[PDB]
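Structure 1 and structure 2, given next as C-alpha coordinates, are two forms of the same protein chain, each shown alone.
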Structure 1
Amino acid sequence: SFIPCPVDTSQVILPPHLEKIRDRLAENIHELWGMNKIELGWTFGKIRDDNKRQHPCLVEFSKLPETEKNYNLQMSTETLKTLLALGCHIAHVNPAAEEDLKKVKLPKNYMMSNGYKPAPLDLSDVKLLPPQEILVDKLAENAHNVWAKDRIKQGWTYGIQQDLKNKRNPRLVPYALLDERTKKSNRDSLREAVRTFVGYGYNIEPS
(Lines of atoms letter the chains of each structure in order from A and count residues from 1; the text may use other names and numbers.)
(Lines give C-alpha, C1' and ligand atoms only; values in the text may rest on other atoms or scores of the structure.)
Protein backbone atom coordinates (compact mmCIF):
# COMPACT_ATOMS: atom_id res chain seq x y z
CA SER A 1 0.00 0.00 0.00
CA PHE A 2 -0.89 2.38 -1.31
CA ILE A 3 -1.46 2.67 -5.08
CA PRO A 4 -3.30 5.89 -6.03
CA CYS A 5 -4.64 5.39 -9.57
CA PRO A 6 -7.04 8.00 -11.00
CA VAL A 7 -9.14 8.13 -14.17
CA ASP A 8 -7.08 7.66 -17.33
CA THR A 9 -7.40 11.03 -19.09
CA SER A 10 -4.61 10.24 -21.57
CA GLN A 11 -7.20 9.51 -24.30
CA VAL A 12 -8.93 12.88 -23.77
CA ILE A 13 -8.46 15.92 -26.00
CA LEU A 14 -9.36 19.26 -24.45
CA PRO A 15 -11.40 20.83 -27.28
CA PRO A 16 -10.41 24.42 -28.02
CA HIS A 17 -13.85 25.87 -27.25
CA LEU A 18 -13.34 24.81 -23.61
CA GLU A 19 -9.85 26.23 -23.04
CA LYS A 20 -11.15 29.63 -21.91
CA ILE A 21 -13.52 28.14 -19.32
CA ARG A 22 -10.50 26.18 -18.07
CA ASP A 23 -8.68 29.47 -17.48
CA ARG A 24 -11.46 31.00 -15.38
CA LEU A 25 -11.71 27.67 -13.55
CA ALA A 26 -8.01 27.79 -12.63
CA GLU A 27 -8.16 31.49 -11.70
CA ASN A 28 -11.08 30.81 -9.37
CA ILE A 29 -9.23 27.90 -7.77
CA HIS A 30 -6.54 30.41 -6.79
CA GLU A 31 -9.05 32.88 -5.35
CA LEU A 32 -10.60 30.01 -3.40
CA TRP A 33 -7.11 28.90 -2.36
CA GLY A 34 -6.14 32.38 -1.19
CA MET A 35 -9.45 32.79 0.63
CA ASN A 36 -9.08 29.47 2.47
CA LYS A 37 -5.47 30.11 3.55
CA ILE A 38 -6.39 33.53 4.95
CA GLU A 39 -9.25 31.99 6.92
CA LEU A 40 -6.81 29.50 8.45
CA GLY A 41 -4.59 32.36 9.64
CA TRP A 42 -1.96 32.49 6.88
CA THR A 43 -0.42 35.84 5.94
CA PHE A 44 1.86 36.99 3.13
CA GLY A 45 5.58 36.56 3.45
CA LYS A 46 8.12 36.60 0.66
CA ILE A 47 9.32 33.05 1.43
CA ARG A 48 7.22 30.13 2.66
CA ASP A 49 7.40 29.69 6.44
CA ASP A 50 4.91 27.39 8.15
CA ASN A 51 5.87 28.80 11.56
CA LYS A 52 4.83 32.39 10.81
CA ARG A 53 2.00 31.25 8.48
CA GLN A 54 3.62 33.07 5.55
CA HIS A 55 3.14 31.96 1.94
CA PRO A 56 4.82 33.45 -1.15
CA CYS A 57 2.12 32.57 -3.68
CA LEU A 58 -0.54 34.58 -1.87
CA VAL A 59 -0.79 37.11 -4.69
CA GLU A 60 -3.03 38.09 -7.57
CA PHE A 61 -3.35 35.28 -10.12
CA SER A 62 -1.81 37.54 -12.77
CA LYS A 63 1.40 37.66 -10.68
CA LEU A 64 1.95 34.06 -9.57
CA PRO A 65 5.40 32.55 -10.17
CA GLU A 66 5.39 31.31 -13.74
CA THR A 67 5.53 27.61 -12.82
CA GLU A 68 2.74 27.77 -10.23
CA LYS A 69 0.31 29.35 -12.69
CA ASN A 70 0.74 26.09 -14.61
CA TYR A 71 -0.03 23.92 -11.58
CA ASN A 72 -3.36 25.69 -11.11
CA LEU A 73 -3.97 25.27 -14.84
CA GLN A 74 -2.92 21.61 -14.53
CA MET A 75 -5.29 21.17 -11.58
CA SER A 76 -8.08 22.75 -13.65
CA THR A 77 -7.26 20.93 -16.90
CA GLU A 78 -7.34 17.50 -15.24
CA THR A 79 -10.75 18.06 -13.64
CA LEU A 80 -11.93 19.15 -17.09
CA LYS A 81 -10.45 16.15 -18.92
CA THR A 82 -11.78 13.82 -16.21
CA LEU A 83 -15.28 15.04 -17.10
CA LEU A 84 -14.87 14.06 -20.76
CA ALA A 85 -13.27 10.80 -19.62
CA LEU A 86 -16.31 9.99 -17.53
CA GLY A 87 -18.43 10.55 -20.59
CA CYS A 88 -20.00 13.73 -19.32
CA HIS A 89 -20.80 16.32 -21.97
CA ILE A 90 -20.04 20.00 -21.55
CA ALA A 91 -21.89 22.56 -23.64
CA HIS A 92 -21.41 26.28 -24.26
CA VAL A 93 -25.11 26.98 -23.97
CA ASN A 94 -25.62 30.72 -23.61
CA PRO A 95 -22.61 33.03 -24.01
CA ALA A 96 -24.36 35.82 -22.14
CA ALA A 97 -25.19 34.15 -18.83
CA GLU A 98 -21.74 34.97 -17.48
CA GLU A 99 -22.25 38.74 -17.42
CA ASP A 100 -24.72 38.83 -14.54
CA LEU A 101 -22.56 36.67 -12.26
CA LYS A 102 -20.44 38.70 -9.85
CA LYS A 103 -17.58 38.10 -7.42
CA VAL A 104 -17.63 37.81 -3.64
CA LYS A 105 -16.68 41.04 -1.85
CA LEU A 106 -14.91 39.84 1.29
CA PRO A 107 -14.44 42.01 4.40
CA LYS A 108 -11.55 44.44 4.74
CA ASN A 109 -9.30 42.25 6.90
CA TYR A 110 -8.94 39.78 4.02
CA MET A 111 -6.76 42.33 2.21
CA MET A 112 -3.18 41.15 2.65
CA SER A 113 -0.05 43.09 3.50
CA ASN A 114 0.90 43.37 -0.17
CA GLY A 115 -2.59 44.48 -1.22
CA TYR A 116 -3.89 41.09 -2.38
CA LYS A 117 -7.54 40.41 -1.54
CA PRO A 118 -9.05 37.12 -2.78
CA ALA A 119 -12.31 37.56 -4.70
CA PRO A 120 -13.81 34.20 -5.67
CA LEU A 121 -17.00 34.05 -7.69
CA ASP A 122 -20.22 34.11 -5.65
CA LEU A 123 -21.53 30.66 -6.53
CA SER A 124 -23.65 30.18 -3.39
CA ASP A 125 -26.84 31.03 -5.31
CA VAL A 126 -26.26 28.20 -7.80
CA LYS A 127 -27.88 24.90 -6.84
CA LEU A 128 -26.43 22.07 -8.90
CA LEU A 129 -28.55 19.28 -10.35
CA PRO A 130 -28.83 16.03 -8.34
CA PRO A 131 -27.16 14.11 -11.22
CA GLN A 132 -24.24 16.53 -10.75
CA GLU A 133 -23.82 16.11 -6.99
CA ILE A 134 -23.11 12.42 -7.58
CA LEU A 135 -20.63 13.54 -10.23
CA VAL A 136 -19.15 16.00 -7.71
CA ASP A 137 -18.57 13.11 -5.29
CA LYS A 138 -16.97 10.90 -7.94
CA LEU A 139 -14.65 13.82 -8.80
CA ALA A 140 -13.88 14.60 -5.15
CA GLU A 141 -12.57 11.05 -4.73
CA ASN A 142 -10.68 11.13 -8.03
CA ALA A 143 -9.20 14.49 -7.01
CA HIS A 144 -7.81 12.77 -3.91
CA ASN A 145 -5.98 10.33 -6.22
CA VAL A 146 -4.45 12.87 -8.63
CA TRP A 147 -3.04 14.57 -5.54
CA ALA A 148 -1.97 11.31 -3.90
CA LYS A 149 -0.41 10.11 -7.16
CA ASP A 150 1.47 13.36 -7.81
CA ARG A 151 2.69 13.69 -4.21
CA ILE A 152 4.01 10.12 -4.04
CA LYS A 153 5.83 10.56 -7.36
CA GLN A 154 7.33 13.66 -5.72
CA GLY A 155 8.55 11.29 -3.00
CA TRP A 156 5.72 11.95 -0.53
CA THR A 157 4.86 9.20 1.94
CA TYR A 158 2.30 8.66 4.67
CA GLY A 159 3.01 10.07 8.10
CA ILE A 160 1.17 9.73 11.43
CA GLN A 161 1.95 13.40 12.08
CA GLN A 162 2.32 15.90 9.26
CA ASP A 163 5.96 16.80 8.65
CA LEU A 164 7.86 18.46 5.83
CA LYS A 165 11.12 16.81 7.00
CA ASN A 166 10.68 14.06 4.43
CA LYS A 167 7.29 14.41 2.78
CA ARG A 168 5.08 12.85 5.48
CA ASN A 169 1.33 13.54 5.27
CA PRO A 170 -1.41 11.75 7.26
CA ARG A 171 -3.95 12.29 4.45
CA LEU A 172 -1.90 10.18 2.00
CA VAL A 173 -4.40 7.36 2.40
CA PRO A 174 -6.84 5.26 0.38
CA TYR A 175 -10.05 7.28 0.12
CA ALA A 176 -11.83 4.55 2.10
CA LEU A 177 -9.74 5.41 5.18
CA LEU A 178 -9.84 9.21 4.94
CA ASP A 179 -11.63 11.30 7.55
CA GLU A 180 -15.16 12.56 6.97
CA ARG A 181 -14.15 16.23 7.20
CA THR A 182 -11.45 15.97 4.52
CA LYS A 183 -13.95 14.17 2.28
CA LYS A 184 -16.53 16.94 2.74
CA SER A 185 -13.86 19.58 2.08
CA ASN A 186 -13.06 17.95 -1.28
CA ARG A 187 -16.69 17.72 -2.36
CA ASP A 188 -16.84 21.44 -1.52
CA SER A 189 -13.83 22.49 -3.62
CA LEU A 190 -15.23 20.42 -6.51
CA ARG A 191 -18.86 21.37 -5.97
CA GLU A 192 -17.51 24.88 -6.53
CA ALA A 193 -15.70 23.46 -9.57
CA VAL A 194 -18.93 22.43 -11.30
CA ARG A 195 -20.67 25.70 -10.39
CA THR A 196 -18.01 27.64 -12.29
CA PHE A 197 -19.03 25.68 -15.40
CA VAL A 198 -22.77 26.38 -15.15
CA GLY A 199 -22.25 29.97 -13.99
CA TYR A 200 -20.35 30.71 -17.22
CA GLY A 201 -23.29 29.46 -19.27
CA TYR A 202 -21.69 26.05 -19.77
CA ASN A 203 -23.70 22.85 -19.24
CA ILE A 204 -22.64 19.27 -18.40
CA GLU A 205 -24.60 16.06 -17.79
CA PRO A 206 -24.11 12.71 -16.05
CA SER A 207 -24.82 9.44 -17.89
Structure 2
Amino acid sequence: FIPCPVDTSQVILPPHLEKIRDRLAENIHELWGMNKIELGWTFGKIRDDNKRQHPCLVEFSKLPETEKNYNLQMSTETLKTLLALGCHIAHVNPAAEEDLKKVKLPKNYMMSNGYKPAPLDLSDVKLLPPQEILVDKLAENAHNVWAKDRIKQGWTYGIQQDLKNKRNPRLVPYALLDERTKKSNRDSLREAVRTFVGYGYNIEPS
Protein backbone atom coordinates (compact mmCIF):
# COMPACT_ATOMS: atom_id res chain seq x y z
CA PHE A 1 0.00 0.00 0.00
CA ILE A 2 2.96 2.27 -0.77
CA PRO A 3 2.41 5.45 -2.78
CA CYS A 4 3.38 5.98 -6.37
CA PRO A 5 6.40 8.04 -7.32
CA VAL A 6 6.20 10.99 -9.69
CA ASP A 7 6.21 10.45 -13.44
CA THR A 8 9.57 11.30 -15.04
CA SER A 9 9.11 9.15 -18.16
CA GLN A 10 7.98 11.92 -20.53
CA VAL A 11 10.52 14.30 -18.93
CA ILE A 12 13.42 15.14 -21.24
CA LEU A 13 16.47 16.58 -19.50
CA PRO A 14 17.01 20.00 -21.12
CA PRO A 15 20.48 20.31 -22.67
CA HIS A 16 21.23 23.30 -20.42
CA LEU A 17 21.26 20.94 -17.41
CA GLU A 18 23.55 18.35 -19.03
CA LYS A 19 26.66 19.97 -17.53
CA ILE A 20 25.40 20.29 -13.95
CA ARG A 21 24.15 16.69 -14.10
CA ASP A 22 27.72 15.62 -14.87
CA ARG A 23 28.93 17.70 -11.92
CA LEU A 24 26.51 16.02 -9.51
CA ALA A 25 27.41 12.53 -10.76
CA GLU A 26 31.10 13.34 -10.29
CA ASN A 27 30.59 14.53 -6.71
CA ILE A 28 28.21 11.67 -5.88
CA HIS A 29 31.06 9.26 -6.62
CA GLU A 30 33.51 11.38 -4.61
CA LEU A 31 31.20 11.35 -1.59
CA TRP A 32 30.64 7.61 -2.01
CA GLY A 33 34.37 6.87 -1.96
CA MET A 34 35.12 9.08 1.05
CA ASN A 35 32.34 7.42 3.04
CA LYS A 36 33.53 3.92 2.09
CA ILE A 37 37.13 4.75 3.02
CA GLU A 38 36.00 6.25 6.33
CA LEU A 39 34.27 2.92 6.97
CA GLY A 40 37.69 1.33 6.42
CA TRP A 41 37.06 0.00 2.91
CA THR A 42 40.25 -0.36 0.88
CA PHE A 43 40.85 -1.07 -2.80
CA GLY A 44 40.94 -4.55 -4.22
CA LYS A 45 41.08 -5.93 -7.73
CA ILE A 46 37.89 -7.77 -6.74
CA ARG A 47 35.46 -6.94 -3.95
CA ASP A 48 35.85 -9.03 -0.79
CA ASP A 49 33.39 -8.24 1.99
CA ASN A 50 35.54 -9.74 4.76
CA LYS A 51 38.61 -7.91 3.45
CA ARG A 52 36.65 -4.67 2.80
CA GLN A 53 38.12 -4.20 -0.68
CA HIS A 54 36.22 -2.76 -3.64
CA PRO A 55 37.18 -2.36 -7.33
CA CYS A 56 35.27 0.94 -7.66
CA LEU A 57 37.52 2.93 -5.27
CA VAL A 58 39.04 4.48 -8.39
CA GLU A 59 39.10 7.78 -10.27
CA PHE A 60 35.87 8.69 -12.02
CA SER A 61 37.15 8.41 -15.59
CA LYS A 62 38.41 4.87 -14.90
CA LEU A 63 35.02 3.89 -13.45
CA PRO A 64 33.47 0.99 -15.41
CA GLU A 65 30.84 1.94 -17.97
CA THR A 66 28.18 0.07 -15.98
CA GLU A 67 28.66 2.28 -12.91
CA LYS A 68 28.97 5.60 -14.77
CA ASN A 69 25.62 4.86 -16.41
CA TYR A 70 24.24 4.32 -12.89
CA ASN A 71 25.84 7.45 -11.43
CA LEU A 72 24.71 9.67 -14.31
CA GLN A 73 21.25 8.07 -14.25
CA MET A 74 20.56 8.72 -10.55
CA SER A 75 21.76 12.29 -11.04
CA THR A 76 19.63 12.65 -14.18
CA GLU A 77 16.61 11.24 -12.34
CA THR A 78 17.12 13.74 -9.51
CA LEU A 79 16.96 16.62 -12.00
CA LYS A 80 14.08 15.05 -13.94
CA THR A 81 12.16 14.72 -10.66
CA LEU A 82 12.79 18.38 -9.79
CA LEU A 83 11.32 19.42 -13.14
CA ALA A 84 8.27 17.16 -12.82
CA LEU A 85 7.45 18.47 -9.33
CA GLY A 86 7.18 22.04 -10.67
CA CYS A 87 10.58 23.42 -9.70
CA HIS A 88 12.37 25.77 -12.08
CA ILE A 89 16.15 25.52 -12.34
CA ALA A 90 18.23 28.39 -13.73
CA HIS A 91 21.92 29.31 -13.68
CA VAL A 92 22.16 32.62 -11.80
CA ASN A 93 25.84 32.65 -10.72
CA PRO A 94 28.61 32.22 -13.29
CA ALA A 95 30.77 33.75 -10.54
CA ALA A 96 29.78 31.13 -7.97
CA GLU A 97 31.54 28.20 -9.64
CA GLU A 98 34.84 30.08 -9.41
CA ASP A 99 34.25 30.29 -5.64
CA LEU A 100 33.97 26.47 -5.54
CA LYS A 101 36.81 24.42 -4.06
CA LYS A 102 37.35 20.71 -3.43
CA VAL A 103 38.31 19.49 0.02
CA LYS A 104 41.93 18.39 0.44
CA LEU A 105 41.91 15.13 2.35
CA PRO A 106 44.93 13.81 4.29
CA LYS A 107 47.17 11.07 2.93
CA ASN A 108 45.53 8.15 4.77
CA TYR A 109 42.58 8.45 2.37
CA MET A 110 44.79 7.79 -0.68
CA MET A 111 44.78 4.15 -1.77
CA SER A 112 47.08 1.85 -3.75
CA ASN A 113 45.57 2.98 -7.07
CA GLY A 114 46.62 6.53 -6.20
CA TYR A 115 43.00 7.68 -5.98
CA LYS A 116 42.16 10.18 -3.25
CA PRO A 117 38.55 11.44 -3.14
CA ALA A 118 38.12 15.19 -3.63
CA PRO A 119 34.51 16.11 -2.80
CA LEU A 120 33.26 19.67 -3.06
CA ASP A 121 33.63 21.89 0.01
CA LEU A 122 29.92 22.63 0.48
CA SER A 123 30.08 23.61 4.16
CA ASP A 124 29.66 27.32 3.40
CA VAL A 125 26.49 26.73 1.36
CA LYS A 126 23.41 27.03 3.58
CA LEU A 127 19.98 26.06 2.27
CA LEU A 128 16.84 28.18 2.54
CA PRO A 129 13.73 26.92 4.39
CA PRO A 130 11.68 26.10 1.25
CA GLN A 131 14.74 24.44 -0.30
CA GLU A 132 15.08 22.27 2.81
CA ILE A 133 11.42 21.37 2.30
CA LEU A 134 12.30 20.33 -1.26
CA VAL A 135 15.02 17.99 0.02
CA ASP A 136 12.37 16.12 2.02
CA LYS A 137 10.20 15.78 -1.09
CA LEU A 138 13.03 14.25 -3.11
CA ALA A 139 13.83 11.90 -0.21
CA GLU A 140 10.23 10.68 0.11
CA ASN A 141 9.95 10.32 -3.66
CA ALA A 142 13.26 8.48 -4.08
CA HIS A 143 11.87 5.99 -1.57
CA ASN A 144 8.67 5.47 -3.58
CA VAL A 145 10.88 5.02 -6.65
CA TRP A 146 13.04 2.46 -4.84
CA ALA A 147 10.05 0.61 -3.37
CA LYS A 148 8.33 0.54 -6.77
CA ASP A 149 11.34 -1.22 -8.31
CA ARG A 150 11.83 -3.81 -5.57
CA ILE A 151 8.12 -4.68 -5.58
CA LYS A 152 8.20 -5.14 -9.36
CA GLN A 153 11.23 -7.40 -8.82
CA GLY A 154 9.20 -9.47 -6.35
CA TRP A 155 10.00 -8.00 -2.93
CA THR A 156 7.48 -7.83 -0.09
CA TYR A 157 7.39 -6.38 3.39
CA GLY A 158 9.17 -8.73 5.72
CA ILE A 159 9.17 -8.46 9.48
CA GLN A 160 12.03 -6.62 11.07
CA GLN A 161 14.12 -9.50 9.76
CA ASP A 162 15.66 -8.85 6.34
CA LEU A 163 15.68 -11.85 4.04
CA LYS A 164 17.66 -12.28 0.85
CA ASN A 165 14.72 -14.18 -0.58
CA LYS A 166 13.19 -10.84 -1.41
CA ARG A 167 11.80 -9.58 1.91
CA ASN A 168 12.57 -6.14 3.35
CA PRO A 169 11.10 -4.36 6.41
CA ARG A 170 11.86 -1.01 4.74
CA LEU A 171 9.02 -1.61 2.23
CA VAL A 172 6.62 0.59 4.17
CA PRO A 173 5.04 3.97 3.40
CA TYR A 174 7.53 6.77 3.93
CA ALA A 175 5.80 8.24 7.00
CA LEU A 176 6.20 4.85 8.70
CA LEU A 177 9.90 4.53 7.83
CA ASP A 178 12.36 4.62 10.72
CA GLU A 179 13.86 8.06 11.29
CA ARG A 180 17.37 6.60 11.21
CA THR A 181 16.83 5.10 7.75
CA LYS A 182 15.48 8.43 6.47
CA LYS A 183 18.62 10.42 7.32
CA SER A 184 20.95 8.18 5.30
CA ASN A 185 19.60 9.10 1.86
CA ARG A 186 18.20 12.46 2.99
CA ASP A 187 21.68 13.72 3.87
CA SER A 188 22.74 12.42 0.44
CA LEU A 189 19.97 14.33 -1.34
CA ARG A 190 20.81 17.43 0.72
CA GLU A 191 24.39 17.53 -0.59
CA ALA A 192 22.96 17.15 -4.10
CA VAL A 193 20.95 20.37 -3.73
CA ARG A 194 24.01 22.11 -2.27
CA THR A 195 25.92 21.13 -5.42
CA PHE A 196 23.29 22.92 -7.50
CA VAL A 197 23.50 26.08 -5.39
CA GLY A 198 27.27 25.65 -5.23
CA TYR A 199 27.61 25.70 -9.02
CA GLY A 200 25.43 28.82 -9.09
CA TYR A 201 22.05 27.31 -9.92
CA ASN A 202 18.87 28.31 -8.09
CA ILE A 203 16.23 25.67 -7.38
CA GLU A 204 12.96 27.60 -6.99
CA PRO A 205 9.96 25.56 -5.74
CA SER A 206 6.49 25.76 -7.32
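By convention here, residues take numbers in order along the sequence of structure 1, the first being 1. The term rigid core refers to the most C-alpha atoms you can superpose between the two forms while keeping them within 1.5 Å.
- Note: the form whose entry title says "closed-form" is the first of the two, structure 1.
- Compared between the two structures on the core, the listed residues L58, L172, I29, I38 keep their C-alpha shifts below 2 Å, save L172.
- Annotation: Cα of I47 displaced by less than 2 Å between the two structures, core superposition.
- Fit the two forms on the rigid core and the C-alpha of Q161 turns out 8.9 Å off between the two structures.
- On a core-based overlay, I152 has a Cα shift of 5.4 Å between the two structures.
- Superposing the rigid core and comparing between the two structures gives a CA shift of 0.4 Å at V126.
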